[PDB]
């Protein structure tokens, strides 16, 4: 009857979306999938009524909420929390055991990031190191944050970086695709593999990333904490760089939001973590090639929760994280 258009940003993603399309062809709200080059092309397409929805990291919810787009988060991913579940996660910095540098010794190291402008992979680590005085950046007029970061680290893999060569030097893949936002070393799992393969000394990822990727070998890794110590991977509640809002589905502020939520509400009922189907909407998490990870929704999401309609992107991210992204922008 009514169709919603999901906007995807990679070929494994479009494939996953088209599999869900085939499984919901008999539902009152059906699905079709369009694929774009980047999440930004998807924000443009949705604001242009060529697509209806996409899940975005908190840093990208920020951009989606800006004029001329003015898309709003309509549903948030929920992650497992010791006390039930939460719509937030922790940004951590993962290093290997037996290297011995602290957060104060990061100058000249190589680094692995989920993507330019993402919460855990960029906004939180780069924003924190500017605040601590480690990365010297004197405002946007002084040039880009990319330039300041490429001065700090000796080389990096930062998917989506465009000004600095050095920020794509450590990425794996074809020349044309190695530093793309859907490259091999992109996302939480991609940045973890960049560290595992020795292409970075530190990977800026989230609290579930080592479990999702090397659960057997997680004691070969540890976390770099803000107080200068190193703690085990499971000690992220006391060794994290920030708690950030969950990834969220964004949409135009118009009446299609109810069709999108009814579609999502039913799809996680049928294909959620307790599904009897072979199709999983969320993950499952576990070792597999990183380009197959966090497709449509993160592998670590366990449910979607409706966001109150009165929350826009600023209220969703919170005033403090919103002004932190505005000050690096």
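Residue numbers count along the first chain shown, from 1.
When the two stretches 241-249 and 156-164 are set side by side, the higher mean Cα temperature factor goes to 156-164.
Comparing the deposited coordinates for 281-289 and 48-56, the stretch with the larger average C-alpha B-factor is 281-289. Take 269, 300, 35, 26 and read off each C-alpha B-factor from the entry; 26 has the highest. Reading the B-factor column for the CA atoms of 115, 175, 190, 232 in the entry, the top value corresponds to 175. The PDB entry assigns residue 85 a C-alpha temperature factor belonging to the highest third of its chain's modelled residues. Ranked within its chain, residue 20 lands in the middle third, by CA B factor from the PDB record. Remark: residue 170 belongs to the middle third of its chain, ranked by C-alpha B-factor as recorded. In the deposited entry, the Cα temperature factor of residue 120 sits in the bottom third of values across the chain's modelled residues. Per-chain ranking of the deposited C-alpha B factor places residue 207 in the lowest third.
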